[PDB]
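Show me how the following folds:
(one chain, ligands or ions: 1)
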Amino acid sequence: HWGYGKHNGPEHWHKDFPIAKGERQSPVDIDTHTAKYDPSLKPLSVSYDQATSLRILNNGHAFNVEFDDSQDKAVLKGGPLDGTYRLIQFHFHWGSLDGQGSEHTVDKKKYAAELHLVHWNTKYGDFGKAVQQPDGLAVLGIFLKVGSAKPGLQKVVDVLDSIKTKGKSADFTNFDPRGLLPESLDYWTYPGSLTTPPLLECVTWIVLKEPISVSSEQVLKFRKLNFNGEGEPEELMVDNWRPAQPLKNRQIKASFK
Ligand SMILES: [Zn+2]
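Numbering: from 1, shown residues only. Sure, the structure comes next:
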């Protein structure tokens, strides 16, 4: 099955998932000079005060912090979005070295990692239905650079020892995703896809301009995770990012000048 190795990584995905070569694939390089300031964009609204985290799961390609999305407790709206999108999970993509790991790039620069907060459009009633729609998801992307610690990430880092291998889950309640956000909500936005199979073209990407900084120890702990299940041969969960895909017939919009 698909993965990030030599024989099953991104360049192979198209064989099972032909949309890999589609017209609105993600991620992309964000050419900051070619992005268009868009005045019709409304302010972005991130309402996470009532978020209910439930669990953390190693799914064999990343770890997801999952939320209760059975009510409007943690929602994204505004910006380029019509309507209300509920937070279902967040996860990261990261590198084996600090010089790579992000999926999106900014003027070809790679960050050490990238946080994805995955939301679905409440008009479609659940995540499974939403991913089948062209406006089904909104993913808020935040770049991580290595420097000072991010205190708000530490609770995540500390539980990773409990979900080292594929299939492991652990209770993860009362985590506040507001501690992972940078000061500024300035963003680029464009229409794209899931960056993991099934690669469905259902995502409005909202990528924040301002990275968060995390410590070297914090990202090191990500790199101790395993793609494999317990008792299978150990392969460190690193470089779980898809490279930048062709922009094709798309223009990236910016909320700022
Ligand atoms: Zn992702």
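
where along the stretch 101-250 of the chain do the strands fall?
With DSSP state E, counting those that start in this stretch, the ranges of strands along the stretch 101-250 of the chain come out as 105-106, 113-121, 137-146, 169-171, 187-192, 203-208, 212-214.

residue boundaries of the helices in the stretch 1-150 of the chain?
For the stretch 1-150 of the chain, helices defined by DSSP state H, counting those that start in this stretch occupy the ranges 127-130.

What count of nearby residues applies to the spatially closest residue to residue 228 that is not a sequence neighbour?
Leaving aside its chain neighbours, residue 228 sits nearest to residue 235 (5.3 Å; criterion: CB to CB, 6 or more residues apart in numbering). In short, each C-beta sits where N, CA and C put it, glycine included. Using other CB atoms under 10 Å, the number of residues around residue 235 comes to 12.

And residue 245, by the same measure?
Neighbours of residue 245 under the rule other CB under 10 Å: 21.

Could I get the contacting residues of it?
Applying CB atoms under 8 Å, 6 or more residues apart in numbering to residue 245 gives the contacts 25, 26, 27, 28.

want to throw those residues into CSV with neighbour count?
Output for these, formatted as CSV (neighbours: other CB atoms under 10 Å):
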residue, neighbour count
25, 22
26, 23
27, 23
28, 24
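
could you dump these to TSV with distance to residue 100?
Below are the contacts of residue 245 laid out as TSV (distance: CB to CB, whole Å):
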residue	distance to residue 100
25	19
26	17
27	13
28	16
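
Contact partners for the residue lying closest to residue 230 once chain neighbours are set aside?
Nearest residue to residue 230, sequence neighbours excluded (CB to CB, 6+ apart): residue 165, at 4.4 Å. By CB under 8 Å, 6+ apart, residue 165 lies in contact with 58, 226, 228, 229, 230, 232.

returning to what we had before: just checking, the residue nearest to residue 228 touches residue 225?
No: using CB atoms under 8 Å, residue 235 is not in contact with residue 225; the gap is 10.2 Å.

coming back round to it: return the member of the contacts of residue 245 nearest to residue 74.
Taking CB to CB as the measure, residue 74 lies nearest residue 26 of the contacts of residue 245, at 22.3 Å.

do you know how far the closest one is from residue 14?
In this structure, residue 26 and residue 14 are 15 Å apart, going by CB to CB, to the nearest Å.

re earlier: okay if I get the strands of the stretch 101-250 of the chain as a markdown table plus mean neighbour count and distance to residue 80?
Shown next, in a markdown table, are those (neighbours: other CB atoms under 10 Å; distance: least, CB to CB, whole Å):
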| stretch | mean neighbour count | distance to residue 80 |
| --- | --- | --- |
| strand 105-106 | 18 | 19 |
| strand 113-121 | 26 | 13 |
| strand 137-146 | 24 | 8 |
| strand 169-171 | 13 | 33 |
| strand 187-192 | 22 | 5 |
| strand 203-208 | 24 | 6 |
| strand 212-214 | 22 | 22 |
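
which one of those strands lies closest to residue 89?
strand 113-121 (5.4 Å).

Partner strands of the closest one, with direction?
Applying DSSP bridges to the sheet, strand 113-121 is found paired with strand 85-94 (antiparallel), strand 137-146 (antiparallel).

quick one, what contacts residue 251?
Residue 251 neighbours (CB under 8 Å, 6+ apart): 34, 35, 36, 190.

same deal with residue 244?
Counting by CB under 8 Å, 6+ apart, residue 244 makes contact with 27, 28, 29, 103, 104, 105.
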